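Engineer: Here it is, the structure in full.
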Amino acid sequence: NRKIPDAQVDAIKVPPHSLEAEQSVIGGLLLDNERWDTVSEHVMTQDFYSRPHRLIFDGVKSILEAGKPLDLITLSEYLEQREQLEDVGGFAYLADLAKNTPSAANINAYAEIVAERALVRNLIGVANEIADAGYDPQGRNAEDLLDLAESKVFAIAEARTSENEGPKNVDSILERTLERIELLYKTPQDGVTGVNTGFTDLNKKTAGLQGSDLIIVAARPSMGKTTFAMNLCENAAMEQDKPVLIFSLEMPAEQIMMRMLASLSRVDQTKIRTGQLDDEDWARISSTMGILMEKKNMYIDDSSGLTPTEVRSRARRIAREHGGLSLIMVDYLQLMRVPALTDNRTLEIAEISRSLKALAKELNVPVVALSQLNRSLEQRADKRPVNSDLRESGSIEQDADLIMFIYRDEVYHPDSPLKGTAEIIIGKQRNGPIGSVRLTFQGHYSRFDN
Amino acid sequence: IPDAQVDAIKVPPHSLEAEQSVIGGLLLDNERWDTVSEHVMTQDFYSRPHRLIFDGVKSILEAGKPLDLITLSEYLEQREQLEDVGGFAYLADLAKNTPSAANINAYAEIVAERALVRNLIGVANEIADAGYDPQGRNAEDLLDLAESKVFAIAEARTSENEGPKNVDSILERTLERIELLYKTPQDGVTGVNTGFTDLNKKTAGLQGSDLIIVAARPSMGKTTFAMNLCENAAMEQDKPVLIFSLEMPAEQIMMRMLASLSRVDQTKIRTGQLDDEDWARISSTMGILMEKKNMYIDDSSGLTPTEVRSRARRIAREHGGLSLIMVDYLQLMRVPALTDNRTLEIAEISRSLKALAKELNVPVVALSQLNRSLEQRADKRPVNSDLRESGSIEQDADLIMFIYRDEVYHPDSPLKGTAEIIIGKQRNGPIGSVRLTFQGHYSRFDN
Amino acid sequence: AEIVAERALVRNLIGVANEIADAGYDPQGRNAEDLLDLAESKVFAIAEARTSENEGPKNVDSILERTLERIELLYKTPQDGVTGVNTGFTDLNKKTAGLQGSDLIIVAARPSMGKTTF
Ligand SMILES: Nc1ncnc2c1ncn2[C@@H]1O[C@H](COP(=O)(O)OP(=O)(O)O)[C@@H](O)[C@H]1O
Ligand SMILES: Nc1ncnc2c1ncn2[C@@H]1O[C@H](COP(=O)(O)OP(=O)(O)O)[C@@H](O)[C@H]1O
Ligand SMILES: Nc1ncnc2c1ncn2[C@@H]1O[C@H](COP(=O)(O)OP(=O)(O)O)[C@@H](O)[C@H]1O
Ligand SMILES: [Mg+2]
Ligand SMILES: [Mg+2]
Ligand SMILES: [Mg+2]
């Protein structure tokens with residue numbers, strides 16, 4: 001029983017490592033300084049297990065970043081200046097590192113091994129931290145511990161998310177371009193290549209709601225911004241097998257559903273609210289409900305003050321159940337929060353916009369985000385909304401792939417000949433033309449028609 | 001005994017390894033003496049044996065004699081100094097322990113740096129001694145003595161490697177520059193060809209080290225114009241073109257490029273309604289682009305100036321330089337250290353891009369948006385003040401070009417299909433305007 | 001008070017010399033250029049503290065003497081309309097009498113007005 005713990009302590013206390021790969025990376029850089037650009041993309045100083053190798057690698061990094069030639073003497077002088085040469089094993093050990101790896105062109109493979117070992121080392125460290133938190137919660141509830149575990153594991157995965165993206169040569173872009181064209185040609189392209197908007201005129205200009213697109217729908221209050229976005233959701237839910245995810249930060253799920261019922265059933269929204277539904281109204285609502293229940297392809301999250309991380313987490317959860325998502329709608333971008341950027345609202349909104357674009361690319365799903373137009377527009381009130389009206393609220397234009405504005409002349413001019421008509425202005429579009437689409441606005445039904 | 005000895009550092013700064021590498025390196029090449037002799041002197045060596053050896057190296061090379069292990073050993077033997085340096089074996093060891101060439105200049109700089117610190121410590125001790133024992137000198141005299149001795153150390157390292165400041169250095173660099181211009185074909189273009197004759201007449205091409213700001217209101221063809229400059233650089237230069245597309249994906253930039261070089265309707269490319277002629281033109285254009293392989297497209301979002309610089313250096317190392325660097329929208333870049341101030345953040349990005357242009361000796365084209373205040377006026381052409389409101393980028397730009405289309409503001413303009421390129425600022429040429437044919441269908445500017 | 005100040009000056013100088021010596025022996029990652037800049041900065045700081053020490057009392061008799069000394073110097077030098085550094089522009093020299101010593105001159109212009117040229 002006394003010989004059992006010594007072998008177990010030696011085999012369990014040593015984390016995964018590769019001293020040989022670490023030595024080969026260092027030795028290889030001493031042989032060919034030009035490989036630093038590639039090696040620096042794979043490994044960081046903290047990726048090394050051995051303390052002496054971290055100090056040596058830090059020296060290598062400092063010399064090469066300064067544009068100085070990396071050799072045994074230069075590195076030794078660097079470490080000597082910081083009184084770290086004795087801590088790494090002396091000049092003899094540096095010479096041994098250069099001697100023990102006479103082979104070049106394999107340095108990238110050794111860098112990947114060092115990075116892989118560091119990843120497992122970080123994973124074990126996180127597992128121990130989570131275990132410690134589980135044993136000693138220090139006042140944290142189960143939900144907080146689950147969120148902590150998810151956050152720490154997600155951080156490990158995020159670090160290894162886009163590791164080898166640097167080199168972007170024309171041959172690679174041509175292959176991806178042809179692959180994309182091939183995919184479009186294989187799918188039925190009768191004017192719509194993405195998620196159907198339900199509006200022919202809009203689809204003619206946008207070719208549908210594209211995957212990976214961050215779409216900003218902006219309007220002044222009561223222009224039908226929520227109404228328009230919901231019609232896009234309704235169309236995606238009725239035409240796609242994949243689910244629609246709605247983050248209703250302003251309105252409750254019951255209210256969104258009631259408006260949806262008013263829209264799909266073409267029943268007066270006021271009648272639904274007041275309960276004065278006739279036999280015909282009940283039959284239409286019931287038929288609509290029957291279809292919605294048959295489809296079951298819609299999720300409504302009415303949680304307030306969600307962070308981009310929480311939005312991403314919930315989206316991934318649902319996407320895993322169905323092998324993807326048809327559309328993600330975020331009710332009001334400005335209602336989201338970023339605890340790290342509370343000191344600056346503009347930067348906070350800019351980060352939310354960047355995070356939602358990253359979410360769109362990550363899940364290959366169109367992300368519709370609703371935004372409010374700046375108050376300065378009402379002072380002018382002479383022309384249609386423009387991109388500058390949104391720039392004043394967080395520079396969201398830079399991250400958006402598509403910007404759509406909602407304008408109703410009847411709101412500003414009740415005697416307008418365009419009563420019941422809403423203009424959808426394309427303010428920005430990466431994969432199509434800019435312009436305007438006229439839609440029939442039916443406020444009583446909370447619906448837009450072509 | 002050891003505790004007091006460990007705490008006391010009586011050994012001045014030195015690098016025996018660098019000294020050996022300088023000596024060993026000269027024994028390997030001889031031609032590097034001219035460069036090494038500019039950085040180090042015999043007295044710069046800490047070690048007595050290395051000073052004697054280096055003195056021997058200096059005497060042989062100044063006499064025009066070949067420097068080898070035997071010649072140096074015979075030289076030292078004649079002066080009975082061979083035993084003082086460690087014998088022939090030590091000379092052979094010096095030649096053996098440094099098998100690497102092209103780093104001798106770096107070792108020479110280390111030896112010179114150590115000698116500088118050694119002289120500084122000596123002066124500090126002299127000043128300390130003068131402070132303890134003034135020998136009749138007042139405080140003012142001691143301050144003047146300290147200033148004089150420190151100024152003497154600084155003066156020795158003033159103008160070591162050509163010393164750019166004095167007229168003799170500027171004359172040499174001026175003649176070298178003229179010589180380089182005369183060796184290259186100068187038919188009106190001394191830099192990177194813009195592809196527009198009228199523009200080249202005014203700018204003499206896109207110069208190396210220039211930070212070029214291309215600014216325009218939305219839909220004026222800002223991206224289109226910058227891309228035509230990239231296309232021309234890619235077709236006329238052997239060195240690669242690097243594009244940082246922060247707003248558009250690489251596929252979209254390529255599709256617009258295909259529309260431009262092939263003169264095929266951009267809408268047709270998008271819709272796929274290409275006729276036999278359209279396919280033949282696109283295919284021929286693709287064949288050439290693939291043959292050249294001189295273009296890189298980086299579509300990463302929110303890049304920092306450091307990341308931009310890092311990627312640019314990586315590519316430049318593969319080809320011995322770059323023909324042109326294009327950064328799609330300056331305002332889309334980020335500086336984590338300056339998040340509290342957008343104006344300062346943009347100003348730092350502009351300074352960093354100018355530093356990048358000088359560092360790699362490459363023209364850097366950066367696209368910028370004109371301020372919204374211009375639309376409120378809408379009575380005249382864009383001016384430099386329209387850009388100053390967005391980060392004071394004018395101060396750092398070597399060339400500022402504005403894009404103006406009268407047809408956008410006035411659809412009934414007689415200048416339909418014409419875009420005016422306004423030179424708002426130019427360091428090495430005149431200011432003015434160039435009229436170009438804007439072909440929106442092809443995403444192209446023509447002369 | 002002057003003796004106490006003089007002694008303090010030498011005391012600070014010795015302290016700085018020891019700091020520079022310590023930095024020279026132990027550079028802690030600083031290159032020679034950084035150590036030279038550090039030495040220059042610390043020595044310059046000692047000199048700057050004793051730069052304008054007795055300037056407080058400014059009585060009219062002292063100002064009159066300096067005024068007359070200045071006038072005397074101007075009268076000894078050829079003053080054919082230029083008392084300072086010649087601008088090369090007669091009309092400008094007529095108004096400025098040249099570029100005077102101790103003057104901070106701000107030349108301001110919008111871009112391309114020829115500010116650097118002037
Ligand atoms: N009972 C109703 N009858 C007619 N129109 C209604 C009724 N309820 C709401 N509306 C209209 O529906 C629209 C709701 O706008 P909404 O999307 O919620 O605001 P926002 O643009 O701020 O997101 C308004 O144009 C409003 O006039
Ligand atoms: N299919 C098309 N047919 C005609 N003109 C087009 C087409 N697509 C784009 N354009 C034109 O190309 C230009 C694109 O401008 P762009 O450079 O992308 O914007 P910015 O100035 O903001 O950078 C506009 O002048 C637009 O009218
Ligand atoms: N080749 C040239 N031909 C004519 N005028 C030129 C030429 N190059 C520069 N200029 C003029 O020289 C001046 C340069 O201005 P400058 O002093 O550099 O700018 P700033 O006022 O911002 O300091 C401008 O008025 C410009 O028009
Ligand atoms: Mg809403
Ligand atoms: Mg662009
Ligand atoms: Mg100037």
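Identifiers in this document derive from the order of the structure tokens: chains are assigned A, B, ..., residues are numbered from 1 separately in each chain, and ligands are numbered from 1 in order of occurrence.
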Neighbouring residues of ligand 2 are defined here as those with any atom at most 9 Å from a ligand atom, counting only C-alpha atoms and all ligand atoms; list them as a ChimeraX atom specification.

Structural biologist: /A:430,432-434 /B:215-226,256,265-268,270,328-329,367-369,403,405,408,438-444

Engineer: Write the residues of the selection above to a file with C-alpha atoms, as a short mmCIF file (atom, residue, chain, number, x, y, z; two decimals), in the first residue's frame.

Structural biologist:
```cif
data_model
loop_
_atom_site.label_atom_id
_atom_site.label_comp_id
_atom_site.auth_asym_id
_atom_site.auth_seq_id
_atom_site.Cartn_x
_atom_site.Cartn_y
_atom_site.Cartn_z
CA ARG A 430 -22.88 43.69 -50.06
CA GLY A 432 -26.86 43.20 -54.46
CA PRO A 433 -28.13 46.65 -55.48
CA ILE A 434 -29.26 49.60 -53.34
CA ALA B 215 -11.91 59.67 -49.93
CA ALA B 216 -15.41 59.77 -51.36
CA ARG B 217 -19.11 59.95 -50.43
CA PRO B 218 -21.01 56.58 -50.64
CA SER B 219 -21.49 55.17 -54.19
CA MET B 220 -18.94 57.58 -55.74
CA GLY B 221 -16.87 54.54 -56.83
CA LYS B 222 -14.22 54.74 -54.07
CA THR B 223 -13.64 50.97 -53.85
CA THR B 224 -13.84 50.77 -57.68
CA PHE B 225 -11.09 53.39 -58.15
CA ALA B 226 -8.74 51.86 -55.54
CA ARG B 256 -15.81 43.05 -59.19
CA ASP B 265 -21.52 43.51 -66.94
CA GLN B 266 -21.26 43.13 -63.16
CA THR B 267 -25.01 42.39 -62.95
CA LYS B 268 -24.57 39.58 -65.50
CA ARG B 270 -24.05 38.30 -60.27
CA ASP B 328 -10.32 49.17 -47.67
CA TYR B 329 -11.73 51.51 -44.92
CA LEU B 367 -9.91 54.39 -48.27
CA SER B 368 -11.77 56.98 -46.17
CA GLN B 369 -15.33 58.36 -46.00
CA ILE B 403 -13.88 61.22 -55.95
CA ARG B 405 -19.56 62.51 -59.49
CA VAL B 408 -24.98 61.50 -58.49
CA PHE B 438 -16.77 55.96 -64.75
CA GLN B 439 -18.31 52.71 -66.03
CA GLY B 440 -20.52 51.52 -63.15
CA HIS B 441 -21.67 48.46 -65.10
CA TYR B 442 -18.07 47.21 -65.27
CA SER B 443 -16.93 48.67 -61.86
CA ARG B 444 -14.19 50.44 -63.80
#
```

Engineer: Can you pull out every residue with an atom within 12 Å of ligand 6? Use only C-alpha atoms and all ligand atoms and format it as a VMD selection string.

Structural biologist: (chain B and resid 394 to 398 425 to 428) or (chain C and resid 107 to 118)

Engineer: Print the selection's residues with N, CA and C atoms to a file, as a PDB file, in the first residue's frame.

Structural biologist:
```pdb
ATOM      1  N   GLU B 394      -5.219  64.168 -42.646  1.00  0.00           N
ATOM      2  CA  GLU B 394      -4.533  65.005 -43.631  1.00  0.00           C
ATOM      3  C   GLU B 394      -3.065  65.185 -43.317  1.00  0.00           C
ATOM      4  N   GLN B 395      -2.730  65.352 -42.036  1.00  0.00           N
ATOM      5  CA  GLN B 395      -1.360  65.594 -41.573  1.00  0.00           C
ATOM      6  C   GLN B 395      -0.402  64.459 -41.898  1.00  0.00           C
ATOM      7  N   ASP B 396      -0.909  63.235 -41.932  1.00  0.00           N
ATOM      8  CA  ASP B 396      -0.084  62.064 -42.180  1.00  0.00           C
ATOM      9  C   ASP B 396      -0.069  61.625 -43.641  1.00  0.00           C
ATOM     10  N   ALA B 397      -1.091  61.994 -44.414  1.00  0.00           N
ATOM     11  CA  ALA B 397      -1.176  61.598 -45.813  1.00  0.00           C
ATOM     12  C   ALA B 397      -0.190  62.334 -46.705  1.00  0.00           C
ATOM     13  N   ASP B 398       0.492  61.597 -47.580  1.00  0.00           N
ATOM     14  CA  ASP B 398       1.401  62.174 -48.570  1.00  0.00           C
ATOM     15  C   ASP B 398       0.617  62.603 -49.829  1.00  0.00           C
ATOM     16  N   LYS B 425      -4.265  67.009 -51.747  1.00  0.00           N
ATOM     17  CA  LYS B 425      -2.943  67.184 -51.145  1.00  0.00           C
ATOM     18  C   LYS B 425      -1.912  66.312 -51.859  1.00  0.00           C
ATOM     19  N   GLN B 426      -0.736  66.865 -52.181  1.00  0.00           N
ATOM     20  CA  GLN B 426       0.325  66.092 -52.818  1.00  0.00           C
ATOM     21  C   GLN B 426       1.687  66.624 -52.419  1.00  0.00           C
ATOM     22  N   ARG B 427       2.521  65.764 -51.831  1.00  0.00           N
ATOM     23  CA  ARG B 427       3.849  66.181 -51.407  1.00  0.00           C
ATOM     24  C   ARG B 427       4.843  66.283 -52.554  1.00  0.00           C
ATOM     25  N   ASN B 428       4.819  65.331 -53.490  1.00  0.00           N
ATOM     26  CA  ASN B 428       5.779  65.322 -54.593  1.00  0.00           C
ATOM     27  C   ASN B 428       5.176  65.632 -55.976  1.00  0.00           C
TER      28      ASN B 428
ATOM     29  N   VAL C 107       3.596  79.779 -37.666  1.00  0.00           N
ATOM     30  CA  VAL C 107       3.175  79.963 -39.045  1.00  0.00           C
ATOM     31  C   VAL C 107       2.033  78.994 -39.267  1.00  0.00           C
ATOM     32  N   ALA C 108       0.832  79.526 -39.477  1.00  0.00           N
ATOM     33  CA  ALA C 108      -0.348  78.698 -39.636  1.00  0.00           C
ATOM     34  C   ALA C 108      -1.012  78.897 -40.970  1.00  0.00           C
ATOM     35  N   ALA C 109      -1.465  77.811 -41.576  1.00  0.00           N
ATOM     36  CA  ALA C 109      -2.131  77.871 -42.869  1.00  0.00           C
ATOM     37  C   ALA C 109      -2.991  76.636 -43.094  1.00  0.00           C
ATOM     38  N   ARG C 110      -3.992  76.758 -43.975  1.00  0.00           N
ATOM     39  CA  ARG C 110      -4.804  75.626 -44.403  1.00  0.00           C
ATOM     40  C   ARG C 110      -3.918  74.748 -45.318  1.00  0.00           C
ATOM     41  N   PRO C 111      -4.270  73.468 -45.546  1.00  0.00           N
ATOM     42  CA  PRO C 111      -3.429  72.631 -46.419  1.00  0.00           C
ATOM     43  C   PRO C 111      -3.264  73.205 -47.831  1.00  0.00           C
ATOM     44  N   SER C 112      -2.047  73.078 -48.384  1.00  0.00           N
ATOM     45  CA  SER C 112      -1.645  73.529 -49.722  1.00  0.00           C
ATOM     46  C   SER C 112      -1.553  75.054 -49.882  1.00  0.00           C
ATOM     47  N   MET C 113      -1.566  75.799 -48.770  1.00  0.00           N
ATOM     48  CA  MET C 113      -1.382  77.251 -48.823  1.00  0.00           C
ATOM     49  C   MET C 113       0.105  77.651 -48.948  1.00  0.00           C
ATOM     50  N   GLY C 114       1.015  76.681 -48.887  1.00  0.00           N
ATOM     51  CA  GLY C 114       2.442  76.932 -48.995  1.00  0.00           C
ATOM     52  C   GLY C 114       3.096  77.202 -47.656  1.00  0.00           C
ATOM     53  N   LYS C 115       2.572  76.593 -46.582  1.00  0.00           N
ATOM     54  CA  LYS C 115       3.096  76.771 -45.228  1.00  0.00           C
ATOM     55  C   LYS C 115       4.534  76.276 -45.085  1.00  0.00           C
ATOM     56  N   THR C 116       4.803  75.047 -45.540  1.00  0.00           N
ATOM     57  CA  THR C 116       6.147  74.480 -45.494  1.00  0.00           C
ATOM     58  C   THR C 116       7.072  75.285 -46.407  1.00  0.00           C
ATOM     59  N   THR C 117       6.573  75.685 -47.584  1.00  0.00           N
ATOM     60  CA  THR C 117       7.312  76.478 -48.558  1.00  0.00           C
ATOM     61  C   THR C 117       7.797  77.797 -47.947  1.00  0.00           C
ATOM     62  N   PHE C 118       6.897  78.530 -47.283  1.00  0.00           N
ATOM     63  CA  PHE C 118       7.222  79.808 -46.666  1.00  0.00           C
ATOM     64  C   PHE C 118       8.272  79.657 -45.576  1.00  0.00           C
TER      65      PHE C 118
END
```

Engineer: As a quick test: using only C-alpha atoms and all ligand atoms, which residues lie no more than 9 Å away from ligand 4? Give them as a PDB file with C-alpha atoms, in the first residue's frame.

Structural biologist:
```pdb
ATOM      1  CA  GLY A 224     -43.662  48.959 -38.457  1.00  0.00           C
ATOM      2  CA  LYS A 225     -40.079  47.818 -37.748  1.00  0.00           C
ATOM      3  CA  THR A 226     -41.078  44.862 -35.536  1.00  0.00           C
ATOM      4  CA  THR A 227     -43.944  44.081 -37.967  1.00  0.00           C
ATOM      5  CA  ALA A 229     -38.975  41.718 -39.200  1.00  0.00           C
ATOM      6  CA  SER A 248     -37.584  39.470 -28.185  1.00  0.00           C
ATOM      7  CA  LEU A 249     -35.815  41.820 -25.780  1.00  0.00           C
ATOM      8  CA  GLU A 250     -38.597  44.441 -25.738  1.00  0.00           C
ATOM      9  CA  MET A 251     -41.879  42.474 -26.079  1.00  0.00           C
ATOM     10  CA  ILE A 256     -45.211  38.450 -30.400  1.00  0.00           C
ATOM     11  CA  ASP A 331     -35.494  42.585 -31.523  1.00  0.00           C
ATOM     12  CA  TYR A 332     -33.498  45.742 -30.482  1.00  0.00           C
ATOM     13  CA  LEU A 370     -33.605  45.785 -35.263  1.00  0.00           C
TER      14      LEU A 370
END
```

Engineer: Just the number, please: distance in Å from CA of residue 160 (chain B) to CA of residue 45 (chain B), one decimal.

Structural biologist: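 Calculated distance between CA of residue 160 (chain B) and CA of residue 45 (chain B) is 17.3 Å.
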
Engineer: Please check the contacts: residues of chain C at most 7 Å away from chain A, using only C-alpha atoms, listed as a PyMOL selection string.

Structural biologist: chain C and resi 27-29

Engineer: Mind listing the residues within 7 Å of ligand 1, only C-alpha atoms and all ligand atoms counted, as a ChimeraX atom specification?

Structural biologist: /A:219-227,269-270,443-444,446

Engineer: Near region 118-120 of chain B, within 10 Å and counting only C-alpha atoms, which residues show up once chain neighbours fewer than 4 positions away are dropped, as a PyMOL selection string?

Structural biologist: (chain B and resi 11-14+44+46+112-114+124-126+149-150+153-154) or (chain C and resi 20-21+24-25+32+35-36+39)

Engineer: Just the number, please: distance in Å from CA of residue 447 (chain A) to CA of residue 263 (chain A), one decimal.

Structural biologist: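 Those two atoms sit 5.3 Å apart.
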
Engineer: Per DSSP on the backbone, what are the strand (DSSP E) residues of region 350-441 of chain B, as a ChimeraX atom specification?

Structural biologist: /B:364-369,399-404,418-426,432-439

Engineer: Output the contact residues of chain A with respect to chain B at a cut-off of 8 Å, based on only C-alpha atoms, as a list in words.

Structural biologist: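 The complete set of qualifying residues is residues 37, 68, 69, 73, 74, 77, 166, 168, 169, 170, 171, 173, 177, 344, 347, 388, 398, 399, 430 and 431 of chain A.
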
Engineer: Kindly indicate which residue among C:85, C:99, C:14, C:92 lies nearest to chain B, using only C-alpha atoms for the distances.

Structural biologist: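 Of all the options, C:14 lies closest to chain B.
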
Engineer: Nearest to chain C among B:393, B:127, B:82, B:94, with distances taken over only C-alpha atoms: which residue is it?

Structural biologist: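 Once distances to chain C are computed over only C-alpha atoms, the minimum belongs to B:127.
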
Engineer: Need the shell around residue 239 (chain A): protein/DNA/RNA residues with any atom at most 12 Å away, counting only C-alpha atoms. Skip same-chain ones fewer than 6 positions apart. Format as a list in words?

Structural biologist: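 In the requested form, the answer reads residues 194, 195, 196, 197, 198, 232, 233, 292, 295, 297, 326 and 327 of chain A.
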
Engineer: As a VMD selection string, please: every residue in chain C that a backbone DSSP assignment puts in alpha helix (DSSP H).

Structural biologist: chain C and resid 2 to 25 32 to 49 60 to 76 90 to 96

Engineer: Using only C-alpha atoms, which residue out of C:63, C:82, C:23, C:49 lies closest to chain B?

Structural biologist: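 The closest residue to chain B is C:23.
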
Engineer: Just the residues within 6 Å of residue 304 (chain B), please, counting only C-alpha atoms, with nothing from its chain fewer than 3 positions along; format it as a list in words.

Structural biologist: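 Skipping anything fewer than 3 positions along the chain leaves residues 307, 333, 334 and 335 of chain B.
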
Engineer: Report as a PDB file with C-alpha atoms, in the first residue's frame all protein, DNA and RNA residues lying within 8 Å of residue 267 (chain A), evaluated on only C-alpha atoms, omitting residues in the same chain fewer than 2 positions from it.

Structural biologist:
```
ATOM      1  CA  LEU A 261     -51.743  35.397 -35.232  1.00  0.00           C
ATOM      2  CA  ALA A 262     -53.099  38.743 -36.439  1.00  0.00           C
ATOM      3  CA  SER A 263     -50.682  38.619 -39.407  1.00  0.00           C
ATOM      4  CA  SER A 265     -54.771  34.835 -40.046  1.00  0.00           C
ATOM      5  CA  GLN A 269     -55.212  42.867 -34.077  1.00  0.00           C
ATOM      6  CA  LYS A 271     -60.225  42.255 -32.160  1.00  0.00           C
ATOM      7  CA  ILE A 272     -57.663  39.739 -30.858  1.00  0.00           C
ATOM      8  CA  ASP A 281     -62.164  35.149 -36.935  1.00  0.00           C
ATOM      9  CA  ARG A 284     -58.951  31.590 -39.191  1.00  0.00           C
ATOM     10  CA  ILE A 285     -56.974  31.886 -35.920  1.00  0.00           C
ATOM     11  CA  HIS A 444     -54.715  46.406 -38.500  1.00  0.00           C
ATOM     12  CA  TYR A 445     -53.186  43.007 -39.290  1.00  0.00           C
TER      13      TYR A 445
END
```

Engineer: Go through B:138, B:245, B:71, B:283 and flag the residue nearest ligand 5, using only C-alpha atoms and all ligand atoms for the distances.

Structural biologist: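 Residue with the minimum atom-to-atom distance to ligand 5: B:245.
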